[PDB]
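Please find one structure pasted underneath; my questions will follow.
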């Protein structure tokens, strides 16, 4: 209907409308749907959270500086605090999810900059120490944005993650991250990215409080830039919504 | 400009004389040090032959009031690369007029005397020169930054095929990983 | 079989198949005809030697160890992983999930070791390569009851014949081998990172059946893997920076490209 | 039975009979030609048609 | 298809796309086509240059000052250097051509100005001396823009052309030049002019290295104007493409 | 029609008639025609030079002495000066051609002599120095006839071609050159040779200003001989015409 | 199957199938019957063992190199060209363009080298012949990562068995291999002359897998080429003067024929 | 399928079955008999008939 600048994604109670943007990028060509019986490995009865764990959970906003390295938020561990998603993953052994990762950032028409919004499934990060693994408090968020750096993280005995924008903390060239579903938030025109992740794993259902199946990375390829004066604080706000959640094996609260 | 995020951005600025060169690199993927670590080039280093067209999408990531036109030209090997826009015109070019749809695809067609070409350097076959020139200088109003950026993207066409597999040179090891 | 070009001609209508935002995460398909005019060209080129399987189905050496026939290490041991050779590893790490059968071929070659032993004469060493499934028994001394191969597969190969070959089917707890695992094995998120039990096909031990010559002989078992019946899902960036560890993705930061001169130079340094 | 299929020609026929009990011991499926780039390329919800601009 | 801001003219190898502009102005109502046998005066066999002498030859750019007089480029003598058009006119006695004269000039939305883009067939220029004819090196370009002046060219014995914007160097009021096919490049909105000239002459085919059948004139009616600062160099770039070229009488290289 | 002494080859503007001669020798059995789509490796649009690059370009005449070694003219490099053939090969990366090589030599009926007119495709010449390659100014003509010699070219560090009539400068016996399409110009009767070369190469189209696909060699097997007096200057004039020319990849002027 | 003669008899009419100018570049076909009279003779002779393929399809040795199993050159290297043996080369150079598949057979034979080393006993050397496609990696030290044969083909052959054989298909950038190239690779017409990239199937390296005996052993890899599925176009003179270089047609002038006595002598000198 | 063809006799039958995936690994085409000397011999435009002189 008319212009494609408009979009409106209603999931449950919360709606995200955007005045101006572009197309929604759908997964690898699959939209998250429930797991059928010919893939169901669980023998127990699953719950149906429906609309009450499919609302757009608005994670922490982070401020984009004129020159800023980039950010990443793990996916089952950014929602391990918010709402009933954070409950269910803890009371249930197995969980299965899809996402609507919607990154929204506005800017004036005198500002320029360009974010790459990718969603890397299975981002296994390296480490500054070449024989130690990361910690679980540097590697993961807490719904907070972890940010990289533009200089190598110095080696020692530290278990801090290796964080360099250009290697993406994985040891792959940053410019090749575009294979994975993504979109760009070029501030010239297009002010949001919508990436619909379908459930991707080697097993049909997996624990979410020990395994992080998706990692969102928002990397500015063209630094934010403008003239003197104006506004100097253009945040990037992430709204993520679980989609087609399904759990099994009703244990008890844990870690 | 090969250890930061400065590598991927192509500096564009308003210069009063038009006919200045924006960038220039040969088309010779899997050998050229511009496409040696790209996604297309890295798949290409496992093959000895390649054939097909290649798409170079240039995306203007300037201000939203900045304008400019660029003459994106591909000049086949027959001489040693243009040094003026007036020479670049003669090739296969595409004048990109900016203003909404912030990308324009210059498609490089297959011009070769053979049905394949080497990925590794050779001089029986070569791939010519890809250059960009200002067609009409970047006009930027007040309060808008006068230095913009362009991004170059490399992709393969649907008339693309690779033949004869070999193994990469860009990976190495000494002793086994303990 | 690839696509073909067709005649076009001039274009002056509002079509502009060139101009289109690539900001939407959509990689547009543009043919020669769109930026110029190109007549009908038939292409008979074939995009076969580029299939997922044919790419991965090439035997690559994953490892090799040495074992004296008379001394200390009379047996070698290897936990099966393709993560010991850079070459094969980088090909597998071009996909997040892969599923395949393996063909294990062992190229065992013997070399005499310098010694002052008198009248060294070999009587055709016979080698035993034994596969021990994950959670099997573990031999120590080379005479242990373990080597009876009660249920454990083994190839017995007399030297000077076609190298031993055996197949292994797809053995994984899951439904695909994970080449990248983000997660721990422990619920408290400590210990090993991405050392998941899905790509751990037990151990493979090898030893000399006989006592060979009077003198010492050292043999070198070279292991070859060849992926048959491959299905690969989720493509991903090839590794850039060099590998550092055989179970981690640890790396030292390095260049984004190979450097050259200016932005307008036409020759690589 | 004997499966007869054309040799991969550029621009004929070979008997092949599986001889092993398992189907994980059959020769590789080197011939298996399919292409479907509507996945990673153009993953968008509503396909952009090449005759107008993607955005309004 | 959708907005009329877009246009795309593909002739041979080079394409000119423009994001924003208006309609193409087609000749007097005729689009250049090959000369039929009922007009063919030549008895010899003509060549067909096709795509290799139908690409958009980008002539010299000229810089529009805040106040600038105007410019003109003769048509068969701006292309007498570039590509194979410059060859063919010299090896062939007779030639017949149409054109796609596309004048492109961009500006920001804080700039104003307005060019008149006319194509005067048979522009016979006067002279400063009222009894001498022009020279062939002042009158013609060399693919370079010749510019007028706002004050009368002083008389003497000089053979320099009479150049005054308001008389157009022809002795006709400048405001009446709009009869001829044209377009305006009002910088407010509309950033190119496309004028499709069909072959216009009294004879069916004529030598091009002695006769100039069309003269493009680009005259700013509203001077370029803006505020202090910003950019101060808005060039005007001309891209001309021969269309339906046809030659005859294969002589030898000449003048 | 009547006698076979007559022949008349009209290509474009120039006609070559001959009062007396013999049959035209057609290639290997193929007459040059345009390359079809099932051989077209180029993806670009080719030009059609037609009649304007299919005229008989009359190369340099050379004088046959009483005893003279022989001559050779490379084929794409004897026409790299004359007419539009010399232009097109320089503006275009790829080119495809056939030829009508017509060697004409007249003599009186009191003169005797006999030329062998062969056209050797891919004549790769040796060198006087047994470890150096030829130069590009001794090996090639300039539309001029290069002549051999009857004594070995002395070795040194020179890059001059090895030129001996009897080895043909290739290291093959001269008497076996007749496999290739040819004809004889026996002065007793038969005063021209017409050899129609079709395009012969391993690739469908190739650059012509770096590769010479044909080499015409005119070797006198029976020296010119006569009595004292009469005329003493019987030239051999070569008229070559491109046939079914086709180019692609419209670059710019080069070497 | 060749043609047959048929009865003729006297001829007194204006036919003269003999007299005809050969100045027209037309090689006339004259039978026995034209110059005499010959009755009907049936010929069952067969012109098969003269076909283009059968002529060229014979295995010819193109080269052989030597490599010590313990010392310096532990590997040999060869840029594939048929231009190293006079015999095969002259057959190929009878055609301007040829197209074919290759069968590479390697006949590796080992010879013990004289030494004062004590108790030299071999344990069946295994040789590796590896094909490196053009623009591949190049091994240096014999232990380099390059020899992992990650994608590069290799034949592993244990000594004392049928010699290794492998096929190569037609690999050429063009549509035929050029046996004579007149032109340069450089647009300025300098450098190499006729060193075109169409007959350059990379390199072939070979080495000892094992450490063999305690003493030194030198092995000799002999390379055999056999053209299958041959198609040959444009015939040309066979080479007269002897070859001088493996990439040029350089020669020293020599005789046009072997000499004899007079023009009317009936016996060769 | 099995291709049966006569052995090259002077004046019978052999089964041959291609066993490899590629068609560049099949045995040579030793039998492939054709002759057509109207090429290099007599390449003239208008064929000279053997009953009169070529020239007038």
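Letters are used for the chains, namely A, B, C, D, E, F, G and H, taken in the order the chains are written, and counting of residues starts over at 1 for each.
We adopt the following convention: contacts are C-beta pairs under 8 Å (C-beta built on N, C-alpha and C of every residue); 3 or more make two chains touch, one makes a residue touch a chain.
To find the repeat of F-G among A-C, C-F or C-E, check which pair has over half of the same contact pairs by residue number; it is A-C.
Chain pairs F-G and C-E differ in how many C-beta pairs are in contact, and the one with more is F-G. Mean C-alpha positions place chain C and chain D at a centre distance of 23 Å.
Centre-to-centre separation between chain D and chain E, using Cα means, comes to 55 Å.
Centre to centre, using the average C-alpha position, chain D and chain F are separated by 51 Å.
Separating the CA-averaged centres of chain B and chain E is a span of 32 Å. In chain E, the residues that touch at least two other chains are 1-3, 6, 12-15, 17, 19, 51, 55, 83.
The multi-chain contact residues of chain C, meaning those touching 2 or more other chains, are 5, 14-16, 18-30, 32, 34-38, 46-47, 54, 58, 85-87, 91, 235, 237-240, 244-245, 256. Across the assembly, chain B contributes 3-4, 7, 37, 39, 42, 46, 53, 59, 65-66, 77-80, 90-92, 94, 96, 100-102, 104, 109-110, 114-116, 144, 155, 158-159, 164-165, 167-168, 172-173 as residues in contact with two or more other chains.
The residues of chain G lying in touch with chain F in their complex are 21-26, 96-97, 172-178, 180-184, 186-190, 192-194, 198, 234-241, 244-245, 248-254, 256. Contact residues on chain B toward chain A in their complex (touch as defined above): 3-5, 7-9, 37-39, 42, 59-66, 100, 102, 143-145, 147-149, 151. Only residues 37, 41, 53-55 of chain D touch chain B when the two sit together in their complex.
Of all residues in chain H, only 1, 3, 17-23, 25-26 touch chain D in the complex they form. If you check the complex, the residues on chain D that touch chain C are 8, 10-11, 22, 24-33, 35, 40-44, 48, 50-55.
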